[PDB]
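**Q** If you scroll down you'll find the structure; I have some questions about it.
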Amino acid sequence: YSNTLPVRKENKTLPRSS
Amino acid sequence: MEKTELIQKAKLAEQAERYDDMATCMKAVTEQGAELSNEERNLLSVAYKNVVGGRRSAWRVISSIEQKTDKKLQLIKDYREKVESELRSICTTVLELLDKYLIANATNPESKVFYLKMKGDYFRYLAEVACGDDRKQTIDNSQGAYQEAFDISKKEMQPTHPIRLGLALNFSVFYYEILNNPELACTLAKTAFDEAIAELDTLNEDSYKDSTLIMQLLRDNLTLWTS
Amino acid sequence: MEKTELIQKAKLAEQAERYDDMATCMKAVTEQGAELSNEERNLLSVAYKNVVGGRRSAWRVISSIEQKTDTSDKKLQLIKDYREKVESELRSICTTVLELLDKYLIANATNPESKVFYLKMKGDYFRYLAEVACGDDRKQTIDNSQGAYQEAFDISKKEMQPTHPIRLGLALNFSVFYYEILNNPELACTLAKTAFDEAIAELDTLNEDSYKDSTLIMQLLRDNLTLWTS
């Protein structure tokens, strides 16, 4: 897609959020 | 809650990526009646951009899945309609804020340009999911807002100003995406870019960060649209 | 609606990253009463991990800002109240998950795989409660977490090869419980490294589909060991 403004946005365990 | 405490909570939510809370904070600030600094305008823009863009991405994913597709298709269309309803709700909220509080009581030409650009943005988001005469009218409103912002910005602002550049960026995207003319979108992005480069030695330091980035984005679009 | 439609809708939400709706779908599926398949357990796990991780991250950021500022300030009370809000909704999420585990899933689990899985989920979410609890509520949540983890760890030692990705994820999270909750780096490292080594020995005899997950989890074990050693 074409750019536009504005844009959107410890120990390791499982599962992990996406 | 009081404006200072309110925008404090807004920054707090921002750093916590709690964009719904941030958006309600900034809506309360706006509905208080007073105008917004550049930083507070940015807070409101970022908050509502995040909340609406979650649903924009969801809608694109779902419409894509629908194109490749059956009771399945019925469920897909109903879910897409749900997401569209949420998107229209958010866009109506933002546009109502713009009409009543922000655009009406804006002091500067720069703030007016910013709010008009934002109105163009959210009418464009509404048009991304529109059909029939509603689509025509939403495109009409988005283009009208962008064109007024563009005229005022080139009347009262220099080409290097970050607000003008961001307006050119999103208006070029509007031409490429909604009206579907690559040549005109390219010409708009490129004229903004070249006009900014023409001066540039006049740009003050405060804007160095924003302008530069925006200009890169311009060039990126022009690269993506020449392939 | 019957399972089929709920599963389609939950999967579509996962594709759209609408994790709230996914979680609602999978809660309905669970509450239908029947036993879940591996597909459905993965959907439930993914959905709820996603709905709780946002609250966990927000809480961590807010609490790093809280302890990073001066005391006896009015600015501070707002931050603390906000932290309490996020804590409240995180506790509500965890309570939902734990209720699903206590009323439906664990009780009717028929195979040891599902038992290990649900007990690991119980431990995970009681640990999520512990990381935000105080005093006696903290003691309660820690005890429940550790008990669930321990039951799963024994069941897994007795019923699973050391390469099974569920057993390895259990070991990872249990060592993390030892390091973060109990503040025991030595035993966290020992648990994680034991799982690691016992897995490495039997690795050549293993399935590719399981290879991806198992080697991922072992890599995570090694990374946690490197972080805890530093």
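If you're wondering, the header gives X-ray crystallography, 2.8 Å.
Cβ coordinates come from backbone N, Cα and C, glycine included.
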**Q** Quick check on the record annotations: which of C:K49, C:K103 is tagged SUMO2 cross-link by Swiss-Prot?
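**A** Among C:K49, C:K103, the residue Swiss-Prot annotates as SUMO2 cross-link is C:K49.
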**Q** If Swiss-Prot marks one of C:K9, C:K115, C:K157 as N6-acetyllysine, which residue does it mark?
**A** C:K115
**Q** Which recorded positions among C:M1, C:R56, C:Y82, C:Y104 have a Cβ sitting under 8 Å from any chain B Cβ?
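**A** Out of C:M1, C:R56, C:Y82, C:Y104, C:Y82 lie under 8 Å of chain B.
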**Q** Taking only the Cα atoms, work out how far C:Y104 (3'-nitrotyrosine) lies from C:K3 (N6-acetyllysine), in Å, as a whole number.
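**A** On Cα coordinates alone, these residues lie 16 Å apart.
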**Q** Let me know how many other Cβ atoms fall within 10 Å of the Cβ of C:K49 (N6-acetyllysine).
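**A** Total other Cβ atoms inside 10 Å, all chains included: 23.
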**Q** For C:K115 (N6-acetyllysine), which residues in the same chain are close in space, meaning a Cβ under 8 Å from its Cβ, but six or more apart along the sequence?
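**A** Set apart from C:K115 (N6-acetyllysine) by at least 6 residues yet with Cβ under 8 Å, we have C:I106, C:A109, C:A152, C:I155.
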**Q** Among the recorded positions listed here (C:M1, C:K49, C:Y82, C:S92, C:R127), which has the Cα closest to the Cα of C:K68 (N6-acetyllysine)?
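**A** Comparing Cα positions, the closest of these recorded positions turns out to be C:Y82.
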**Q** On a C-alpha basis, identify the one among C:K3, C:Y82, C:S92 that is nearest to C:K49 (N6-acetyllysine); the candidates are the modified residues.
**A** C:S92
**Q** Select from the modified residues C:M1, C:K49, C:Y82, C:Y104: which have any Cβ-Cβ contact with chain A shorter than 8 Å?
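**A** Only C:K49 pass the 8 Å Cβ test.
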